[PDB]
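Protein chains in written order, with the authors' numbering: chain A, 27 to 112; chain B, 6 to 60; chain C, 2 to 131, 145 to 162, 184 to 201; chain D, 1 to 122; chain E, 1036 to 1132; chain F, 1342 to 1380; chain G, 349 to 547; chain H, 51 to 126; chain I, 2 to 205, 227 to 534.
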Amino acid sequence: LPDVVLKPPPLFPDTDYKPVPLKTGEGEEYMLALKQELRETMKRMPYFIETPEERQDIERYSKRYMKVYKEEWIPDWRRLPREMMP
Amino acid sequence: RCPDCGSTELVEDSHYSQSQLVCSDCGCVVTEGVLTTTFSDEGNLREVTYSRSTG
Amino acid sequence: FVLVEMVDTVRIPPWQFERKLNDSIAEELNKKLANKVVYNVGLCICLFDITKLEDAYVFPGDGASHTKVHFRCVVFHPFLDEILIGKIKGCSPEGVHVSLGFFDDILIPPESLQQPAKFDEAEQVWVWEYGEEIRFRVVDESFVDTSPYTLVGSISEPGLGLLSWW
Amino acid sequence: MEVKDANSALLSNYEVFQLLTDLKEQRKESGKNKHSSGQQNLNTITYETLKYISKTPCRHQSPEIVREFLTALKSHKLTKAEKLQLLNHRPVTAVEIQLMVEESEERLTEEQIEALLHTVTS
Amino acid sequence: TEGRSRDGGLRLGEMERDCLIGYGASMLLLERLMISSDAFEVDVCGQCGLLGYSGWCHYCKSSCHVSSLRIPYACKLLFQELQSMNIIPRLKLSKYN
Amino acid sequence: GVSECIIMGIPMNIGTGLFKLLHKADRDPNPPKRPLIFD
Amino acid sequence: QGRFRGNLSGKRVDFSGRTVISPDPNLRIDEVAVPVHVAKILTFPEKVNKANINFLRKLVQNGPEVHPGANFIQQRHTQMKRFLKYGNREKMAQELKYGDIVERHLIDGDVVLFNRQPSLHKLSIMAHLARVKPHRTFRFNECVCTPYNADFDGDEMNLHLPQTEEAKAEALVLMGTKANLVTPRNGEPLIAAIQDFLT
Amino acid sequence: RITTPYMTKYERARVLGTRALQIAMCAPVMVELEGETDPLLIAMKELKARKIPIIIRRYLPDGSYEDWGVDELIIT
Amino acid sequence: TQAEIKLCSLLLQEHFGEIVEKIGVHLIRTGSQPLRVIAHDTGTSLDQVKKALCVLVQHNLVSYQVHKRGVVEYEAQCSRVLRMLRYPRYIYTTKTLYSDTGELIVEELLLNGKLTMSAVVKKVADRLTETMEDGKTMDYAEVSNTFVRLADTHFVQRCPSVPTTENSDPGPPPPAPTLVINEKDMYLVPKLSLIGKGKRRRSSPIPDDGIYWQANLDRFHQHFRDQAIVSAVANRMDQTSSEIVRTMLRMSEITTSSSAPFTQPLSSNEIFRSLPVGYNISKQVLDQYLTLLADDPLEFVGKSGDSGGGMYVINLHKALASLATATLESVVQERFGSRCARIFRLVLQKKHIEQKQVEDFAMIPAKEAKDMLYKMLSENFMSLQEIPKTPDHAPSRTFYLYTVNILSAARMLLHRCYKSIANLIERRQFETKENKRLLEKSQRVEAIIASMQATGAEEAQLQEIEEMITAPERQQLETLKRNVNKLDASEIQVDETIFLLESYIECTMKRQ
Ligand SMILES: [Mg+2]
Ligand SMILES: [Zn+2]
Ligand SMILES: [Zn+2]
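In structure tokens, the structure reads:
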């Protein structure tokens, strides 16, 4: 007769095997730094569609002093169908 | 017991085919309605004994 | 504070039919959202105005009136930068307990950023000196009905100078 | 139950005080025992917040007063949050806008503070 | 229950409901077959479409879309029985207006 | 359908359940609005 | 015996009755005689309002042992039911407030559904104004037997009592006997004279 | 306004029922009742007096509606 | 593909935005769809749909097709969406193969999808200008040389070309240009005569129009397969043998299609001359190496003929299957254990086997091996045949033969890797979001330095950078960072594993 379970199995059963330590070297750190810098570069690039800011109420002159500016790229419309023009 | 007056004089009396508990002091009902098995169901369900249940 | 565009259906019992509909709507709405925080919205206070008041339906059930109403009411919900001036009603060692004047004793500043003499040693110490103001950090809401709170926010007091009181 | 805008439009504490006084006088003019007995919470919040506001210098303002204050501050190109907080606190002492209030760097200009306090007194 | 030997009330046979429909007494029919036979109160989360309790939704782990609804107890029993068979009934509520 | 309406315990559309009632109360839709000064 | 064919298509209800049928020509064709014993059992929950406060007070004063009385009282605020067999009913009547629920006995003028077990056309079930009588059987005017197809040969006659003002008015207006003189099949009047009246 | 100008029996039944339910909840009365304790008697008294503050909202199948006051409708 | 869709949604939300990822997910889930139904079903405006479609097709993540009545139906490329995860590895392998100029070339191609000669050389020169100082200038000459070298190595290929609308159907324009791909100009680099220098961002007509160039990730995957194969060979037999395999694969890089069961026939005589002079070897030693690699049970290489001395061929499909089996045995060993790995390899060698045979051959007693068999069966790695003695195939009256299939286990393991990467991205994004307050705090403390960094930057504020309350909070930040770092690196490592399994899944599939 299997014993009746008085308290359910834990949300996490502890594991006997541990994860292997990751790779070490100049290549891995270069990988990581490259990926992290890529994160910001793709954030800054115009291909990153910024979400529309909202829930701002009233007007002021200070709006003109905290303006964030960035250039806007354009696609090649001869490769793109004409239907998708803004 | 009576929730308001605290009187423990709760008596069981049969109404027009309704089982309920009413306090004789304040005539306030503390528990009404009862659930009983019907013959159509008692004939289908099967009774179980302690021995066969425990194995 | 801030106005919120609030939309709700209000049920008016028939025994108030003699009164004007708008006034009964306002009274019921005031009774209905008083001292009651709204999840991800803030602490509602009182009704401001009633914008839209459409037809009053009657249902085959209760038999009273139901009117869908668009309106505006004021709530408390800082914008993570607002300056507050509250009173210290208690101070736990892990964090002081400030209360806005007669408003709510639910804003808990964890004492972690004032001048580097930070310790509340449980004999009710306001501050370690070299009617208390507040810069509000964040807001948070939760559903308390986890069993058949919810607006606290973190509060920070940096080196504002505070020449009036050290 | 749905809310369209949690930040539709910020309002000054003067409008809050005005609406609260109007609600108080109407409610005492519309004294009903049943509805008040059902929910005291509206009475408590109204009375407590009204007392809290009246303790502050939030009284003795008018729509003309606050509108002229806003127009005067508009030339000063200050952020609306800080000017609202000023009208919420009435800073007559220079130190509050100097240190207590934010955006002190590059914005006080060490000459606009006097006019700021003058407008506050108004 | 069944009858006099079991202190049971009368039975609205299908024909009686047919006559009631023919008259068009919608509210009378609803009251007779729901209020006077088996009335129950249920909570439905508009997001999940699933039943809830005490104005709470376990499946959605929330209470921001609950609502009250009167129901026949037999209907709720049928819903739960169908749930047991993994045929989950998702109720899509609509405003009365 | 009526069958499920009885099953679902909701009023049927046929008969008295067709039209909606409206309580003729003294009301002023779109009442005058208290203007905000700060905005 | 399953759910679908057993309890979903049709189901049993309470607040009903079944009694032997018997004629009574001294009643209007929209009226039905109800035995007192059934009247003392069937109760209609009346909401205590400004119009009928004194009426409900008197009915409560009568008690359950007298016919124009009540069996239960439900308070507006708390949902405790007060059974009128015990406790001074005069204090209880003086304790009445508007919005309370009083389960008064079936009294004169209450709209009551009246039906026969074999149902063929819609006139098999109607609504009548109930008048209480000291005898034991359901009585009504015989000019109404033709829609019911009853013949006073020991037949049993089902009685239903609505518990809602909306339902009560629906029964009175739609299935009122005066409103269903003609069958919908061909507009021929079903309620008319019968044997010993034509003669 | 193209539907029937007569006030059908279903409309009468539902209006009378809702009015009786309302007055049963201590709703205001406009027909100065003289000792009529039954709500429905007061309801049809109101209907005869044509002083019922209820507006029928007839619905066409498409969704379009039209509103008729009880006084505007012709009772039989 | 539910895990694939989830991971693709996470990646698209991370890299491009929200309205774009909604449309991408809808296309992935629905396949080919016209634009109007896309806008209607997604609940989005027409203009936002246009924006998402253009930013997607510019990077060649989605395409369009023409159908009856000239309708334009858009389709998504879920594999292409997963491909952006391997961008850092592509950058690393380009940086190793060639100078950082080619690294920036491929990086800009990935971040721009397709670029012309002028655009790519201008961008690369500009980005190379800031990497240096002292007034030196980059010229378009070296950038052009590196780009043409990359294209000739087939790492960069031309976009499908816009067909000549004047030559075919002059008149009513089709709704879409209907681009076509031409094999012979995928590497035909046009000349840019003009040479100049990129601006160093002081902040104070087109000779190459119609031709666009994109990273040829097929070349990257072929080179990565080469690297994996030579790494395995070096691990097993000898470094020199792996060098020989790498040399012959390099010989066959351009001569063989990306999808080939076998490589070209290569003889040891030309292998000797093609070998770098650094490896001091003799002809007979080369012959012995090649013969023993042909005798290697891993059967990476094969003779396929005795002409031209020792002529040899490599087994692409066999080598990929061997690599997949090695990865499978490694992961099952790491998660279950050494003895369960022994059982797995034993059943790998013996395709059909009974349970007691496994016990006897692996020398594992009862109640221990059988639990491993039951577990590794329940994890869908293992299959049972249920050979019956009758044809009712029913109760205790049939034999059960253990049989493990490489393909199914590889497929499910690929799904598991997808879900694992989804979990890692979810955890990193959740930890980033819950600490965005400290993120903005650190951003502000570094902005105090960066903004007004040389103009009026007093030293008397350098000591005020730590004055902000992040002094203990940086601790948390550091932990977050390393955790973030760890997660990213771990995810990248797992990505390589996917390239293994998918490669097998790609090579085992012919798509007739
Ligand atoms: Mg008979
Ligand atoms: Zn009591
Ligand atoms: Zn839910």
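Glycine residues also receive a C-beta, built at the ideal position from the N, C-alpha and C atoms.
Per the DSSP calculation, residue i is bridged to which residue(s)?
i: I1106/E; result: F1075/E
i: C47/C; result: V75/C
i: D9/C; result: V70/C
i: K429/G; result: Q422/G
i: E114/D; result: In DSSP, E114/D forms no bridge with anything.
i: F246/I; result: For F246/I, which the question treats as bridged, DSSP gives no partner whatsoever.
i: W235/I; result: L116/I, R159/I
i: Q25/B; result: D18/B, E37/B
i: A9/D; result: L4/C
I want to check one thing, is the minimum distance from the CB of residue i to the heavy atoms of ligand 5 below 7 Å?
i: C74/C; result: For the structure depicted, ligand 5 is absent and the ligand set comprises only ligand 1, ligand 2 and ligand 3.
Within 8 Å of any Cβ in chain D, is that where the Cβ of residue i sits?
i: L1363/F; result: no
i: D1369/F; result: no
i: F1379/F; result: yes
i: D121/C; result: no
Counting only beta-carbon atoms, is residue i nearer than 8 Å to chain I?
i: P193/C; result: yes
i: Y43/A; result: yes
i: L60/A; result: yes
i: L114/C; result: yes
Please confirm if residue i has its CB atom under 8 Å from at least one CB of chain C.
i: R496/I; result: no
i: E490/G; result: no
Any C-beta of chain H sitting closer than 8 Å to the C-beta of residue i?
i: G1059/E; result: yes
Quick check: is the beta carbon of residue i nearer than 8 Å to any beta carbon in chain B?
i: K445/G; result: no
So that I know if they touch, is there some Cβ in chain F lying closer than 8 Å to that of residue i?
i: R67/D; result: yes
i: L10/D; result: yes
My assumption, with CB atoms under 8 Å, is that residue i sits in contact with residue j. Please give the rounded CB distance.
i: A418/G; j: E451/G; result: 6 Å
i: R151/C; j: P193/C; result: Incorrect: roughly 10 Å between the Cβ atoms, too far for contact.
i: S100/I; j: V122/I; result: Rounded, the Cβ-Cβ distance is 15 Å, inconsistent with contact.
i: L444/G; j: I401/G; result: 7 Å
i: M57/A; j: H16/I; result: Not really, about 17 Å apart at Cβ, beyond 8 Å.
i: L471/G; j: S364/G; result: Wrong, their Cβ atoms sit about 19 Å apart, outside the cutoff.
i: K429/G; j: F420/G; result: 5 Å
Does the beta carbon of residue i sit closer than 8 Å to a beta carbon anywhere in chain G?
i: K101/H; result: no
i: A1109/E; result: yes
i: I1355/F; result: no
At the 8 Å Cβ level, is residue i part of the contact set with chain E, yes or no?
i: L522/G; result: yes
i: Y60/H; result: yes
The region 506-525 of chain G touching the region 70-84 of chain H, judged by at least three CB pairs closer than 8 Å:
The count of Cβ pairs closer than 8 Å, one atom from the region 506-525 of chain G and one from the region 70-84 of chain H, reaches three, so the stretches are in contact.
With a threshold of 8 Å, are at least 3 pairs of Cβ atoms found where one atom belongs to the region 1104-1123 of chain E and the other to the region 1059-1078 of chain E?
Taking a contact to require three or more Cβ pairs closer than 8 Å, the region 1104-1123 of chain E and the region 1059-1078 of chain E qualify as touching.
Under a criterion of Cβ closer than 6 Å to any non-hydrogen atom of ligand 1, which residues qualify, in chain order?
Cβ atoms closer than 6 Å to ligand 1 belong to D499/G, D501/G, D503/G.
Counting pairs of Cβ atoms below 8 Å between the region 391-410 of chain I and the region 367-383 of chain I, do you hit three or more?
Here the region 391-410 of chain I lies against the region 367-383 of chain I, with 3 or more beta-carbon pairs under 8 Å apart.
Is the region 41-56 of chain I touching the region 473-486 of chain I in the sense that three or more CB pairs, one from each, lie closer than 8 Å?
These segments do not touch.
Do the region 457-465 of chain G and the region 493-505 of chain G make contact, defined as three or more Cβ pairs closer than 8 Å?
Flag = yes, the region 457-465 of chain G and the region 493-505 of chain G touch.
Does the region 70-88 of chain C come close enough to the region 99-114 of chain C to have 3 or more Cβ pairs within less than 8 Å?
The region 70-88 of chain C, when compared against the region 99-114 of chain C, does touch it at the 8 Å Cβ threshold.
Is the region 85-93 of chain A in contact with the region 30-44 of chain I, if contact means three or more CB pairs nearer than 8 Å?
Touching, no.
Inter-stretch contact at 8 Å, needing at least 3 Cβ pairs: the region 351-364 of chain G / the region 111-119 of chain D
With a cut-off of 8 Å, the region 111-119 of chain D and the region 351-364 of chain G do not count as touching, because too few Cβ pairs lie within range.
Stretch-stretch touch, CB-based, cutoff 8 Å, three pairs: the region 500-517 of chain I with the region 433-448 of chain I:
By the Cβ rule, the region 500-517 of chain I counts as touching the region 433-448 of chain I, because three or more pairs are nearer than 8 Å.
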